[PDB]
């Protein structure tokens, strides 16, 4: 009952381990339906049991690799390895490495600063209108903190040096930094052993692997001109449209016919597909290659254009409410947004208003006409008169 037991102050690192949820999501098991890529049937929707926080620390490193394609458009490949037996994951990318040099203000080598100190980022100057997913200066450190071993290797031909250093025990200590002369092709490679005890797991099991493999497919579908490999296996995705087809290729509507898909690449920062849903409103969307699984104003901005036009039509031919049109829709959106905001570090819901996007996404009259003719108007029209 002492005042010192009751009222306690935590360090930032202590707080992350004590209160992980707002940083990485739940550290308890969840059982829910998800899209996964299974070793035998591929992309499919099924019940899975997994720990969100474990999935998220993988996501943080993977999105960081996609971010390097905006930093260096000459980057060409991402290679992911997953080794359940040794509890080992690595994510490698080419294109420009991280500068191997001492930071004159923070007085340590740049790779050690930005992987080993909290609140460090190249995304803190919003006069730079960037379409990277990184915003807060946490993600890589969060992966470090929830790993028993975390290694950073990055090679910079500009500085003619390669950097390598390892952290251990939830970012509680580090081994010696290794510097070596370098004159080859730049790359960065992050290799980590997740702290499965913090997630109450015994190994990287079937479900979490299938989620991680699907997330790699996401990256292959949402990035431009980046080849993605998983354990050496090239992921056979060319464009966002071919990614979308993996979800639809084989299912038919409840009446029995194949799904009609409306598509437009609106500009270099927006691509949209629309089909029908039998499960209520559904959206699969990405902002700067982040999976925005709770949606956000980018989904609203696109979906509302469609809804308003379809509601206009049923009025001409008739009382109809927006939510009734929306619950027939399955929308896919791939967007590049300048300096996005989200509700949380996990970046599931993108909250930035359209006036700040840095681009527009006005669907064409052709897209809209095809949406009017996809059957939603007819279904609702028959409903109202009845």
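Numbering follows the first chain given and starts at 1. Rigid core here is just the name for the largest C-alpha set that superposes within 1.5 Å across the two forms.
Legend entry - Farther-lying stretch by C-alpha RMS in 6 other deposited structures of this protein, rigid core as reference, of 31-39 and 342-350: Once the core is superposed, the stretch further away in 6 other deposited structures of this protein is 342-350.
Inset, instruction - Compare 145-153 with 281-289 and report which one shows the larger root mean square C-alpha deviation from this form in 6 other deposited structures of this protein once the rigid core is superposed. - result: More C-alpha displacement in 6 other deposited structures of this protein shows up in 281-289.
Inset, instruction - Determine, among the other compared PDB entries that model residues flanking residue 245, whether at least a third leave it unmodelled. - result: Result for residue 245: never missing in the compared entries.
Legend entry - Flanks modelled, residue 254 absent in at least a third of other entries: Comparison shows residue 254 dropped in at least a third of the other entries.
Inset, instruction - If the chain runs straight from residue 360 to residue 361, say none; otherwise bin the unmodelled deposited residues as 1 to 3, 4 to 9, or 10 or more. - result: Unresolved stretch here: none.
Inset, instruction - May I ask you to compare 68-76 and 254-262 by their mean CA B factor in the entry and name the higher one? - result: According to the PDB entry, the answer is 254-262.
Legend entry - Mean C-alpha temperature factor, higher of 307-315 and 225-233: 307-315 has the higher mean C-alpha B-factor.
Inset, instruction - Could you tell me which one of 280, 84, 133, 295 shows the highest CA temperature factor in the PDB record? - result: Largest recorded C-alpha B-factor: 84.
Legend entry - Identity of residue with top Cα B-factor, from 180, 206, 141, 215: 180 has the highest C-alpha B-factor of those listed.
Inset, instruction - Quick one: classify residue 301 as lowest, middle or highest third of the chain based on its Cα B-factor. - result: Its C-alpha B-factor belongs to the lowest third of this chain's values.
Legend entry - Cα B factor band for residue 14 (lowest, middle or highest third within the chain): Middle third.
Legend entry - Lowest, middle or highest third - CA B-factor, residue 159: Residue 159: CA B-factor falls in the highest third of its chain.
Inset, instruction - Can you work out whether the C-alpha temperature factor of residue 248 puts it in the lowest, middle or highest third of the chain? - result: It belongs to the highest third of the chain when residues are ordered by C-alpha B-factor.
Inset, instruction - Compare the C-alpha B factor of residue 270 with those of the other modelled residues in its chain, then answer lowest, middle or highest third. - result: Residue 270: CA B-factor falls in the lowest third of its chain.
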